[PDB]
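Scroll down for the structure; my scribbles are underneath it.
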Amino acid sequence: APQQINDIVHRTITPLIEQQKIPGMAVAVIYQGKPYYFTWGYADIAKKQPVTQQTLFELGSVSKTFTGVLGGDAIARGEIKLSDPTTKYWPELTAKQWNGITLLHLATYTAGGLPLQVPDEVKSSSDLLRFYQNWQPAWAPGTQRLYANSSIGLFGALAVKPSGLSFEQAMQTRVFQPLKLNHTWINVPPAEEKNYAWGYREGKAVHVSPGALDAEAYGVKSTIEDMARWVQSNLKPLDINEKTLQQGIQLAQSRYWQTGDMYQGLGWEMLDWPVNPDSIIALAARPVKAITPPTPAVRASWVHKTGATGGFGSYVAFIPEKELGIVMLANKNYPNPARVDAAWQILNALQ
Ligand SMILES: *[B]([O])([O])[C][N]S(=O)(=O)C1=[C][C]=C(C2=NN=N[N]2)[C]=[C]1
C-alpha cells in the first residue's frame, strides 16, 4: 500500500478509535479506482474474534443508498416513475392527505412530515396500512425535508411491487448480484454468522432488532470489501454492464432538493466539492427548494451517507471527479461529526 495512504489512514483512524472507544473498525480507501483496506480491533470481544476484510457490519442507514439505487433501477426499467402518486402502487391508501404525495416525495423525505421511525407498535401489515392512512402531514408535499425511515422505507417497498419480487429478492438479483456483492445481506445467512460482528452499545453486545420496513430503511449488512465495491460502482457507473443499474446509480445521485449547502439524491446526499467539513439532533425539519428539473449527477461532489444502528456506526463518502472515496465501518454507534471529520481529513490529504 502506498505510504501516503497508509500514513493518512493510520494517523487519523487510530486516535479516532482511541477517543471513541470503538471495539472494532474496518476502513477502505478507494484511490484512483483501487481499494486499500485497513482493520482494527474486535468483531466479537467476548470470543476475541478480530475484525477482518470478511467481517460483516450493520450498515444501518447507509442501506438507504442501496434502496435508492434499486428504486433508480426500477425507474430505469420503466416499472415506476418518481412522478407517480403513491396510491398508484398502494391502492388501499385512500385517505385524502395522500392526494399529491408522489414516489419522489417518499424517496426524498419531502412528503410532509412522515416520522423518523415506523412506530414500534406496528407489528402486522394491516397495522402498517392503518399507520399510513392515519398519518396527518404537518406540511404540504414538497415543501419540507424530515429524514425518515417511514418515508424512504415505504418508497423501497413500493418501488418493487411491479417486478413482483420481494424487496429482498429484488435487491439480491438487481443490485447485489450484478455488482458481485456476494457478502452483502438483508438477512445474515447461517453460513456467514461466524463473520457477523457484534455491535456494542453501553458495552453490551447487540444486533439490530426486527422492525417494519427495516430491510428498506436500515437493514443491510456488508463487508469492507463489498462496500469498497459499492463505492467503486457509484464512483464509476458507466463501468457497469447492466444498463438499468447504471442508470439507477446515476438517478440516485441526481439533485432533487436543496437545503442549505446540501442536495438530496435517492438515498445519497451531495454537496459541491470542494467543501469544508464544518459545512458537512433527534428531529430536524428543513425547508427545501425544488430543483426543477433535477440536476444530473454532478462529478465534483462530495457524495455521502451516514448510517447507524444501536450497535454500529457507518460512513461512506466519495468524490466522483477525483475517483476517490472512503468507507468506515465500526461496531459502535459513535458521533457523526467525528466520522465526517476523519473521512474529510483522509480524502482531503489524498486529493
Ligand atoms: B439511519 O441509520 O440513519 C436510521 N436511524 S434510526 O434512528 O432510525 C435507527 C436506529 C437504530 C435502529 C435499530 N434497530 N435495532 N437496533 N438498532 C433502527 C433505526
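The chains in the C-alpha cells are called A, B, ... from first to last as shown; in each chain the residues are counted from 1, and the ligands are counted from 1 in the order shown.
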Counting only C-alpha atoms and all ligand atoms, which protein, DNA or RNA residues come within 9 Å of ligand 1, given as JSON, numbers by chain?
{"A": [59, 60, 61, 62, 63, 64, 116, 117, 118, 147, 148, 149, 150, 206, 207, 208, 209, 210, 211, 214, 217, 218, 219, 282, 305, 306, 307, 308, 309, 310, 311, 312, 313, 314]}
Could I get the residues of segment 131-222 of chain A with an atom no further than 10 Å from an atom of segment 262-269 of chain A, each paired with its nearest atom pair and that distance in Å to one decimal, using only C-alpha atoms, sorted by chain and residue number, as a Markdown table?
| residue | atom | partner | partner_atom | distance |
| --- | --- | --- | --- | --- |
| A:145 | CA | A:264 | CA | 9.2 |
| A:152 | CA | A:267 | CA | 8.0 |
| A:155 | CA | A:266 | CA | 10.0 |
| A:217 | CA | A:267 | CA | 9.5 |
In segment 111-287 of chain A, DSSP alpha helix (DSSP H) residues written as a ChimeraX atom specification:
/A:125-134,149-159,167-171,214-218,224-235,243-252
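Remark: for residue 164 of chain A, the closest of the candidate residues A:24, A:89, A:96, A:198 is A:89 (distances computed over only C-alpha atoms).
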What's around segment 175-190 of chain A at 6 Å? Count only C-alpha atoms, leave out sequence neighbours fewer than 6 positions away in its own chain, and write the answer as an mmCIF file with N, CA and C atoms, in the first residue's frame.
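Saved to around35.cif:
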data_model
loop_
_atom_site.group_PDB
_atom_site.id
_atom_site.type_symbol
_atom_site.label_atom_id
_atom_site.label_comp_id
_atom_site.auth_asym_id
_atom_site.auth_seq_id
_atom_site.Cartn_x
_atom_site.Cartn_y
_atom_site.Cartn_z
ATOM 1 N N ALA A 215 -35.614 -3.694 6.373
ATOM 2 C CA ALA A 215 -34.823 -4.054 5.211
ATOM 3 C C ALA A 215 -34.626 -2.844 4.300
ATOM 4 N N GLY A 219 -31.549 -2.042 6.972
ATOM 5 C CA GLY A 219 -31.328 -3.441 7.268
ATOM 6 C C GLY A 219 -30.201 -4.181 6.566
ATOM 7 N N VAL A 220 -29.342 -3.494 5.821
ATOM 8 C CA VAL A 220 -28.281 -4.220 5.091
ATOM 9 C C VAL A 220 -27.015 -4.425 5.954
ATOM 10 N N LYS A 221 -26.310 -5.519 5.696
ATOM 11 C CA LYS A 221 -25.073 -5.841 6.414
ATOM 12 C C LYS A 221 -24.060 -6.167 5.372
ATOM 13 N N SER A 222 -22.811 -5.724 5.546
ATOM 14 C CA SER A 222 -21.876 -5.887 4.446
ATOM 15 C C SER A 222 -20.452 -5.946 4.981
ATOM 16 N N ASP A 226 -16.964 -5.610 0.037
ATOM 17 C CA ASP A 226 -18.163 -5.330 -0.746
ATOM 18 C C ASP A 226 -18.502 -3.834 -0.727
#
Write out as a tab-separated table (two decimals) with N, CA, C and O atoms, in the first residue's frame the residues lying within 7 Å of residue 323 of chain A, counting only C-alpha atoms and excluding same-chain residues fewer than 5 positions away.
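Printed below is part.tsv as written:
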chain	number	residue	atom	x	y	z
A	31	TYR	N	-8.64	4.72	-4.16
A	31	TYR	CA	-7.72	5.75	-4.64
A	31	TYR	C	-7.38	5.46	-6.09
A	31	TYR	O	-6.91	4.37	-6.42
A	32	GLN	N	-7.61	6.45	-6.96
A	32	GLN	CA	-7.50	6.22	-8.40
A	32	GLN	C	-8.18	4.91	-8.83
A	32	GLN	O	-7.69	4.19	-9.70
A	33	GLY	N	-9.31	4.59	-8.19
A	33	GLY	CA	-10.09	3.42	-8.57
A	33	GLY	C	-9.87	2.16	-7.75
A	33	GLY	O	-10.78	1.34	-7.63
A	235	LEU	N	-18.90	5.43	-7.94
A	235	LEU	CA	-17.93	6.38	-8.49
A	235	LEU	C	-17.94	6.38	-10.01
A	235	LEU	O	-17.71	7.41	-10.64
List as number ranges by chain the protein and nucleic acid residues near residue 69 of chain A, meaning an atom at most 7 Å away when only C-alpha atoms are counted, but skip any in the same chain fewer than 5 places from it.
A: 248-249, 252
For the residues in the current selection, export C-alpha atoms as a JSON list (two decimals), in the first residue's frame.
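Saved as part35.json:
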[["chain", "number", "residue", "atom", "x", "y", "z"],
["A", 248, "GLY", "CA", -30.35, 3.73, -11.48],
["A", 249, "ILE", "CA", -27.00, 4.57, -9.96],
["A", 252, "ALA", "CA", -29.75, 8.16, -7.22]]
If you count only C-alpha atoms, which residues fall within 9 Å of residue 291 of chain A, apart from same-chain ones fewer than 5 positions away, as a list in words?
residues 255, 256, 257 and 258 of chain A
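Taking atom CA of residue 21 of chain A as the reference point, atom CA of residue 65 of chain A is found at 27.3 Å.
Using only C-alpha atoms, the smallest distance between any of A:108, A:6, A:232, A:14 and residue 288 of chain A comes from A:108.
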Those in segment 125-314 of chain A with strand (DSSP E or B) from DSSP, as a ChimeraX atom specification:
/A:144-145,185,196,199-201,204-206,221-222,255-259,262-264,269-272,286-287,289-295,301-309,312-314
Identify, on the basis of only C-alpha atoms, every residue whose closest approach to residue 34 of chain A does not exceed 12 Å; exclude the query and any residue fewer than 6 positions from it along the same chain; express the result as a VMD selection string.
chain A and resid 1 to 2 5 28 225 228 to 229 231 to 233 235 to 236 323 to 326
Kindly export the residues of the current selection with N, CA and C atoms, as a compact mmCIF listing (two decimals), in the first residue's frame.
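Here's the written file out.txt:
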# COMPACT_ATOMS: atom_id res chain seq x y z
N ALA A 1 0.84 -1.20 0.00
CA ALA A 1 0.00 0.00 0.00
C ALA A 1 0.87 1.25 0.00
N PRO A 2 0.57 2.22 -0.89
CA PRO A 2 1.39 3.43 -0.98
C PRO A 2 1.44 4.08 0.39
N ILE A 5 -1.20 6.86 1.71
CA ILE A 5 -2.47 6.31 2.15
C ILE A 5 -2.32 5.63 3.51
N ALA A 28 -11.93 1.25 4.12
CA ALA A 28 -11.44 1.13 2.76
C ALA A 28 -11.28 2.51 2.18
N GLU A 225 -14.95 -5.14 1.98
CA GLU A 225 -14.61 -5.43 0.59
C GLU A 225 -15.79 -5.11 -0.33
N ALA A 228 -16.36 -1.38 -0.44
CA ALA A 228 -15.43 -0.76 -1.38
C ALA A 228 -15.93 -0.93 -2.81
N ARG A 229 -16.43 -2.12 -3.13
CA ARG A 229 -17.01 -2.35 -4.46
C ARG A 229 -18.27 -1.49 -4.71
N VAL A 231 -18.77 1.48 -3.46
CA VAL A 231 -18.23 2.82 -3.74
C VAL A 231 -17.65 2.93 -5.15
N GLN A 232 -16.84 1.94 -5.57
CA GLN A 232 -16.33 1.94 -6.93
C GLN A 232 -17.45 2.03 -7.95
N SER A 233 -18.55 1.30 -7.73
CA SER A 233 -19.66 1.27 -8.66
C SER A 233 -20.37 2.62 -8.70
N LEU A 235 -18.90 5.43 -7.94
CA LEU A 235 -17.93 6.38 -8.49
C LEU A 235 -17.94 6.38 -10.01
N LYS A 236 -18.18 5.21 -10.59
CA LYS A 236 -17.92 4.99 -12.00
C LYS A 236 -19.03 4.12 -12.60
N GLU A 323 -12.11 10.27 -8.46
CA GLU A 323 -12.02 8.82 -8.37
C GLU A 323 -11.60 8.38 -6.98
N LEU A 324 -12.16 9.06 -5.99
CA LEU A 324 -11.67 8.96 -4.64
C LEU A 324 -12.81 8.69 -3.69
N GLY A 325 -12.60 7.78 -2.74
CA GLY A 325 -13.65 7.52 -1.77
C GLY A 325 -13.20 6.79 -0.53
N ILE A 326 -14.11 6.68 0.43
CA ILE A 326 -13.78 6.06 1.70
C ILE A 326 -15.00 5.36 2.29
Nearest candidate to residue 339 of chain A (options A:304, A:10, A:289, A:322; using only C-alpha atoms)
A:304
Go through A:42, A:132, A:302, A:334 one by one, measure the shortest atom-to-atom distance of each to residue 94 of chain A using only C-alpha atoms, and give the residue with the smallest value.
A:132
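Atom pair atom CA of residue 104 of chain A / atom CA of residue 171 of chain A has a distance of 19.4 Å (rounded to one decimal).
Residue nearest residue 140 of chain A, chosen from A:23, A:35, A:287, A:200 and counting only C-alpha atoms: A:287.
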